[PDB]
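I have placed the structure first, in the form of structure tokens, so that the comments after it can refer back to it.
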Ligand SMILES: N[C@@H](Cc1conc1O)C(=O)O
Ligand SMILES: N[C@@H](Cc1conc1O)C(=O)O
Ligand SMILES: [Zn+2]
Ligand SMILES: [Zn+2]
């Protein structure tokens with residue numbers, strides 16, 4: 001009955017506490033999703049164990065093997081009971097796992113090194129000098145790959161053929177590339193992460209333009225799991241009681257450094 | 001077999017076309033939810049009949065009889081098969097009906113007549129010359145009635161006992177009250193309607209401040225319904241293809257008059 005929670009090391013959702021090495025179990029981690037996991041568990045009445053997804057991914061179906069990787073795979077193949085992370089609710093995922101109503105709203109956004117002469121996706125598409133990419137698996141890449149909006153189709157056409165690769169394995173990798181490229185690389189990531197980074201030292205990046213789309217993160221469970229109903233209701237209750245807005249402010253803005 | 005769709009006359013979601021008297025059935029109406037209903041039915045493969053909710057309400061439970069009114073009641077008591085409307089996903093409603101994932105995100109906002117000395121809820125709570133209320137039943141009124149947050153708790157106390165009533169029966173009545181009250185009345189309504197009206201003639205109102213919460217509208221079905229699954233998947237598909245964004249620009253800003 002101890003619920004195995006799969007999640008991912010992604011700031012400020014789940015981060016290692018500075019002393020984690022002298023701590024045990026759930027106490028080793030801190031962050032928005034660590035706080036949310038505690039509350040979901042308390043309102044649903046279950047004991048849980050946080051575990052970091054082994055391959056460090058969000059989740060995508062390999063087109064050859066057709067095997068799901070990341071947190072989605074952990075749920076699909078029975079290695080975890082629930083996923084509490086910045087996991088995007090999408091059609092292909094909803095087809096294999098269950099999602100609660102969203103606990104956070106977001107949209108794909110553009111992250112630039114300050115001073116970059118870019119102001120929108122249209123600007124990125126109309127030039128070639130500043131390279132741009134996305135996480136190499138997950139909802140953002142899939143959004144561009146399936147987009148039929150020309151500004152986005154043009155962007156995908158370029159990204160899928162750019163060399164060296166413009167895709168990165170982790171959010172941190174994308175942010176570092178932005179920071180170390182003197183303005184020649186812009187990163188396409190979720191508004192939530194983009195807004196977070198813009199508030200952290202060295203305060204050299206910023207989110208530009210509006211969001212490209214609109215969607216949410218949901219707490220996921222294995223298709224038909226017994227936890228789904230209570231978890232969904234708990235998210236709604238916690239949102240209505242102001243918990244979610246409080247956690248957003250606590251982890252994004254209250255200890256912002258810029 | 002023809003699906004009975006319950007919806008509500010609320011601009012620009014569902015409105016009577018100018019020439020509706022000489023039109024019939026579903027053709028009499030136009031709007032975002034009318035376009036959405038057509039997109040959902042096509043993907044889920046069903047024929048439908050649009051019907052305006054009899055009592056003109058969104059849906060709330062009478063504390064004494066425990067009977068649901070509005071579109072929620074029409075689903076609860078079997079008078080309709082699905083509600084395609086700007087119906088807000090809430091915990092009390094989710095307990096009695098099913099909601100698809102969000103097709104639109106929004107938040108409670110403040111509508112003022114241009115030039116009114118108000119910039120936030122807080123601003124409304126610390127004065128008494130400017131009355132302010134909400135729709136008479138629905139998710140907004142509940143929000144203030146259930147607030148564990150100080151500014152808002154203060155707002156319910158004044159609202160619940162103001163006399164005469166600061167509550168209104170329809171969004172239109174709330175908007176008209178703002179407009180003819182020479183700035184002595186502000187109306188609390190969802191950002192979607194607020195932003196919409198703000199872009200319509202006589203262009204004398206405006207949304208002030210930020211949203212008070214974050215939530216969404218969902219397509220609702222009776223508990224356990226055969227349509228729940230397909231509808232939910234259709235919403236996600238429509239969002240990802242950009243149809244939902246397309247419809248929003250179509251009905252909100254493409255014809256704006258200010
Ligand atoms: N939440 C996303 C991952 C993600 C995080 O930030 N940009 C992204 O693409 C997912 O679920 O793939
Ligand atoms: N969407 C709300 C109603 C509503 C619309 O605009 N302000 C409101 O309160 C509901 O479903 O009750
Ligand atoms: Zn379609
Ligand atoms: Zn009564």
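Along the chain as shown, residues are numbered 1 onward.
Recorded method is X-ray crystallography, 2.0 Å.
Backbone N, Cα and C define each Cβ position, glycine as well.
Under the heading L-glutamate binding site, Swiss-Prot lists B:86, B:88, B:93, B:139, B:140, B:190, citing experimental evidence as support. The feature disulfide bond is assigned by Swiss-Prot to B:203-B:258, with experimental evidence given as support. The phosphoserine feature in Swiss-Prot is assigned to B:147, B:181. Residues or ranges marked as site 'Interaction with the cone snail toxin Con-ikot-ikot' by Swiss-Prot: B:61, B:145, B:237. Under the heading site 'Crucial to convey clamshell closure to channel opening', Swiss-Prot lists B:118, citing experimental evidence as support.
The L-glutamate-binding residues named in the record, B:86, B:88, B:93, B:139, B:140, B:190, extend over a maximum Cα to Cα distance of 17 Å. Cα of residue B:88 (L-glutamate binding site) to Cα of residue B:145 (site 'Interaction with the cone snail toxin Con-ikot-ikot'): a distance of 16 Å.
Ranked by Cα separation from residue B:86 (L-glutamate binding site), the recorded positions B:118, B:181, B:203 are led by B:203. Across the structure, residue B:237 (site 'Interaction with the cone snail toxin Con-ikot-ikot') and residue B:93 (L-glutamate binding site) are spaced 24 Å apart at their Cα atoms. Listed recorded positions: B:145, B:237, B:258. Those with a CB under 8 Å from a CB in chain A, in sequence order: B:237. Checking each of the recorded positions B:61, B:145, B:190 against residue B:203 (disulfide bond) by C-alpha distance, the shortest gap belongs to B:190.
When the neighbouring Cβ atoms lying within 10 Å are counted for each of the recorded sites (B:61, B:145, B:237), the highest count belongs to B:61. Listed in chain order, the residues near the L-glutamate site other than B:86, B:88, B:93, B:139, B:140, B:190 are B:58, B:87, B:90, B:138, B:215, B:217, each with its Cβ within 8 Å of the site Cβ centroid. Most other Cβ atoms within 10 A: among the recorded positions B:118, B:203, that distinction falls to B:118.
Here the recorded positions are B:88, B:258, and the one ringed by the most other CB atoms within 10 angstroms is B:88. The distance from the Cα of residue B:190 (L-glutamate binding site) to the Cα of residue B:61 (site 'Interaction with the cone snail toxin Con-ikot-ikot') comes to 20 Å. Considering other CB atoms within 10 Å as the measure, the emptiest surroundings among the modified residues B:147, B:181 are those of B:181. Under DSSP, residue B:93 (L-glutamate binding site) is assigned to a helix (H, G or I) in the three-state scheme. The binding-site residues shown are B:93, B:139, B:140; of these, the one with its CA atom nearest the CA of residue B:118 (site 'Crucial to convey clamshell closure to channel opening') is B:140. For ligand 2, the neighbouring recorded positions among B:88, B:139, B:181, B:190, B:258 are B:88, B:139, B:190, by Cβ distance under 6 Å.
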